[PDB]
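With PDB, C-alpha atoms inside, this is coords-v9.pdb:
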ATOM      1  CA  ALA A   1      46.827 181.729 127.804  1.00  0.00           C
ATOM      2  CA  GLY A   2      48.293 178.325 126.930  1.00  0.00           C
ATOM      3  CA  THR A   3      47.971 175.164 125.011  1.00  0.00           C
ATOM      4  CA  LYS A   4      45.630 172.479 126.262  1.00  0.00           C
ATOM      5  CA  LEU A   5      48.621 170.263 127.132  1.00  0.00           C
ATOM      6  CA  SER A   6      50.266 173.033 129.139  1.00  0.00           C
ATOM      7  CA  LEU A   7      47.251 173.249 131.476  1.00  0.00           C
ATOM      8  CA  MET A   8      46.962 169.502 132.168  1.00  0.00           C
ATOM      9  CA  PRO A   9      47.570 168.855 135.866  1.00  0.00           C
ATOM     10  CA  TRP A  10      49.800 165.866 135.147  1.00  0.00           C
ATOM     11  CA  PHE A  11      52.017 167.708 132.687  1.00  0.00           C
ATOM     12  CA  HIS A  12      55.210 169.016 134.302  1.00  0.00           C
ATOM     13  CA  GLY A  13      57.064 170.164 131.228  1.00  0.00           C
ATOM     14  CA  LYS A  14      60.790 170.092 131.160  1.00  0.00           C
ATOM     15  CA  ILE A  15      61.885 168.515 134.390  1.00  0.00           C
ATOM     16  CA  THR A  16      64.542 165.846 134.726  1.00  0.00           C
ATOM     17  CA  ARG A  17      64.187 162.141 135.538  1.00  0.00           C
ATOM     18  CA  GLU A  18      65.666 162.801 138.988  1.00  0.00           C
ATOM     19  CA  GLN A  19      63.201 165.634 139.638  1.00  0.00           C
ATOM     20  CA  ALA A  20      60.316 163.280 138.639  1.00  0.00           C
ATOM     21  CA  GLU A  21      61.600 160.714 141.103  1.00  0.00           C
ATOM     22  CA  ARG A  22      61.389 163.267 143.896  1.00  0.00           C
ATOM     23  CA  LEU A  23      57.926 164.396 142.862  1.00  0.00           C
ATOM     24  CA  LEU A  24      56.568 160.830 142.877  1.00  0.00           C
ATOM     25  CA  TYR A  25      57.642 160.087 146.449  1.00  0.00           C
ATOM     26  CA  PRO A  26      56.531 158.537 148.681  1.00  0.00           C
ATOM     27  CA  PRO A  27      55.312 155.794 146.423  1.00  0.00           C
ATOM     28  CA  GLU A  28      51.620 155.523 145.833  1.00  0.00           C
ATOM     29  CA  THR A  29      50.556 153.128 143.116  1.00  0.00           C
ATOM     30  CA  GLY A  30      49.006 155.004 140.177  1.00  0.00           C
ATOM     31  CA  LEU A  31      50.439 158.434 141.059  1.00  0.00           C
ATOM     32  CA  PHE A  32      51.802 159.827 137.806  1.00  0.00           C
ATOM     33  CA  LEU A  33      53.160 162.707 135.737  1.00  0.00           C
ATOM     34  CA  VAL A  34      54.470 163.355 132.328  1.00  0.00           C
ATOM     35  CA  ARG A  35      57.771 165.117 131.802  1.00  0.00           C
ATOM     36  CA  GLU A  36      59.518 166.397 128.654  1.00  0.00           C
ATOM     37  CA  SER A  37      63.199 166.013 127.852  1.00  0.00           C
ATOM     38  CA  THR A  38      65.176 169.061 126.743  1.00  0.00           C
ATOM     39  CA  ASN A  39      66.778 166.858 124.135  1.00  0.00           C
ATOM     40  CA  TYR A  40      64.029 167.357 121.595  1.00  0.00           C
ATOM     41  CA  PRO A  41      60.595 169.028 121.589  1.00  0.00           C
ATOM     42  CA  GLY A  42      57.856 166.611 122.510  1.00  0.00           C
ATOM     43  CA  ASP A  43      60.184 163.940 123.833  1.00  0.00           C
ATOM     44  CA  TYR A  44      57.947 162.751 126.633  1.00  0.00           C
ATOM     45  CA  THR A  45      58.209 160.228 129.415  1.00  0.00           C
ATOM     46  CA  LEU A  46      55.238 159.014 131.404  1.00  0.00           C
ATOM     47  CA  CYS A  47      56.402 158.466 134.952  1.00  0.00           C
ATOM     48  CA  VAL A  48      54.223 156.374 137.196  1.00  0.00           C
ATOM     49  CA  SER A  49      54.544 155.043 140.704  1.00  0.00           C
ATOM     50  CA  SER A  50      53.847 151.340 140.955  1.00  0.00           C
ATOM     51  CA  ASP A  51      54.726 148.642 143.505  1.00  0.00           C
ATOM     52  CA  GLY A  52      57.037 150.957 145.436  1.00  0.00           C
ATOM     53  CA  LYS A  53      59.084 152.547 142.681  1.00  0.00           C
ATOM     54  CA  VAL A  54      58.795 154.781 139.603  1.00  0.00           C
ATOM     55  CA  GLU A  55      58.371 153.224 136.195  1.00  0.00           C
ATOM     56  CA  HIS A  56      59.380 155.361 133.214  1.00  0.00           C
ATOM     57  CA  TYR A  57      57.625 154.857 129.873  1.00  0.00           C
ATOM     58  CA  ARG A  58      59.287 156.891 127.102  1.00  0.00           C
ATOM     59  CA  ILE A  59      57.005 157.927 124.251  1.00  0.00           C
ATOM     60  CA  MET A  60      57.924 157.041 120.702  1.00  0.00           C
ATOM     61  CA  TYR A  61      56.623 158.617 117.515  1.00  0.00           C
ATOM     62  CA  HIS A  62      55.915 156.428 114.500  1.00  0.00           C
ATOM     63  CA  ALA A  63      54.765 158.441 111.515  1.00  0.00           C
ATOM     64  CA  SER A  64      53.768 161.146 113.999  1.00  0.00           C
ATOM     65  CA  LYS A  65      51.615 158.807 116.080  1.00  0.00           C
ATOM     66  CA  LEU A  66      52.475 158.325 119.783  1.00  0.00           C
ATOM     67  CA  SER A  67      52.887 155.020 121.616  1.00  0.00           C
ATOM     68  CA  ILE A  68      54.601 153.639 124.656  1.00  0.00           C
ATOM     69  CA  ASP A  69      54.345 149.928 123.648  1.00  0.00           C
ATOM     70  CA  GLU A  70      54.362 149.635 119.796  1.00  0.00           C
ATOM     71  CA  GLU A  71      50.868 148.174 120.109  1.00  0.00           C
ATOM     72  CA  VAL A  72      48.476 150.982 120.949  1.00  0.00           C
ATOM     73  CA  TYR A  73      48.831 154.378 119.244  1.00  0.00           C
ATOM     74  CA  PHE A  74      47.421 157.874 119.693  1.00  0.00           C
ATOM     75  CA  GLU A  75      47.331 161.161 117.812  1.00  0.00           C
ATOM     76  CA  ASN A  76      48.510 163.086 120.857  1.00  0.00           C
ATOM     77  CA  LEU A  77      49.730 162.816 124.406  1.00  0.00           C
ATOM     78  CA  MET A  78      46.417 163.748 125.990  1.00  0.00           C
ATOM     79  CA  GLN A  79      44.684 160.863 124.266  1.00  0.00           C
ATOM     80  CA  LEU A  80      47.459 158.530 125.565  1.00  0.00           C
ATOM     81  CA  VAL A  81      46.968 159.633 129.155  1.00  0.00           C
ATOM     82  CA  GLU A  82      43.165 159.439 128.859  1.00  0.00           C
ATOM     83  CA  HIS A  83      43.403 155.838 127.663  1.00  0.00           C
ATOM     84  CA  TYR A  84      45.737 154.604 130.436  1.00  0.00           C
ATOM     85  CA  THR A  85      43.731 156.483 133.086  1.00  0.00           C
ATOM     86  CA  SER A  86      40.819 154.147 132.412  1.00  0.00           C
ATOM     87  CA  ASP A  87      42.599 150.929 131.951  1.00  0.00           C
ATOM     88  CA  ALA A  88      46.009 149.580 132.411  1.00  0.00           C
ATOM     89  CA  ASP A  89      46.121 147.999 128.900  1.00  0.00           C
ATOM     90  CA  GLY A  90      49.308 146.279 129.764  1.00  0.00           C
ATOM     91  CA  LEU A  91      50.909 149.133 131.790  1.00  0.00           C
ATOM     92  CA  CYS A  92      51.977 148.357 135.338  1.00  0.00           C
ATOM     93  CA  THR A  93      49.065 150.310 136.678  1.00  0.00           C
ATOM     94  CA  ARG A  94      46.231 152.597 135.513  1.00  0.00           C
ATOM     95  CA  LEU A  95      47.075 156.252 135.765  1.00  0.00           C
ATOM     96  CA  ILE A  96      44.991 156.880 138.840  1.00  0.00           C
ATOM     97  CA  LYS A  97      46.108 160.184 140.391  1.00  0.00           C
ATOM     98  CA  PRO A  98      48.002 163.073 138.782  1.00  0.00           C
ATOM     99  CA  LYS A  99      50.865 164.512 140.724  1.00  0.00           C
ATOM    100  CA  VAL A 100      49.682 167.986 140.283  1.00  0.00           C
ATOM    101  CA  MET A 101      51.956 170.430 138.582  1.00  0.00           C
ATOM    102  CA  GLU A 102      52.855 173.421 140.747  1.00  0.00           C
TER
END
So that I can check it, write out the structure of this file as structure tokens.
Amino acid sequence: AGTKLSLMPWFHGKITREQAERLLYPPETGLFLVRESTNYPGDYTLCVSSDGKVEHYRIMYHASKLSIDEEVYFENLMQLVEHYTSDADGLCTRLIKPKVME
């Protein structure tokens, strides 16, 4: 049993920035994961490989709504990933391929 988010192949839970860097190597544009900081529950960073390195997009919450750009907002993290899977909408790349959680 788990939450929907817990079962999402791109969701790695509480891993560090440095551990994400090792998971997203070698670079492959559009390979991605989301990790959570131990600082605070639901403090997420979307980590995506693009143009030979990892880009890190930290989620913010504004009145409980999630964004990574202060332009486009979502109710939850799964909606955010869904959106950027289909088009870049200003990100460095679409989220093309999950780095599958093991």
Q: Tell me, as a VMD selection string, which residues lie within 6 Å of range 37-51 of chain A, counting only C-alpha atoms; anything in the same chain fewer than 6 positions away does not count.
A: chain A and resid 14 27 to 31 57 to 59
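Across the structure, CA of residue 89 in chain A and CA of residue 101 in chain A are spaced 25.1 Å apart.
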Q) Mind telling me what the PyMOL selection byres ((chain A and resi 71-77) around 12) catches here, as an MDAnalysis selection string? A) chainID A and resid 4:6 8 10:11 33:36 42:46 58:70 78:84 88:91
Q) Just how far from CA of residue 20 in chain A is CA of residue 7 in chain A, in Å to one decimal? A)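 Value for the CA of residue 7 in chain A-CA of residue 20 in chain A distance: 17.9 Å.
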(Q) Calculated over only C-alpha atoms, which of the candidates A:92, A:54, A:1, A:100 has the smallest distance to residue 17 in chain A? (A)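 Closest residue, counting only C-alpha atoms: A:54.
Atom to atom, CA of residue 19 in chain A and CA of residue 99 in chain A stand 12.4 Å apart.
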Box in all listed atoms of range 76-93 of chain A, axis-aligned, with 6 Å more on each side; write out centre and edge lengths in Å to one decimal as AutoDock Vina command-line options.
--center_x 46.4 --center_y 155.0 --center_z 128.8 --size_x 23.2 --size_y 29.5 --size_z 27.8
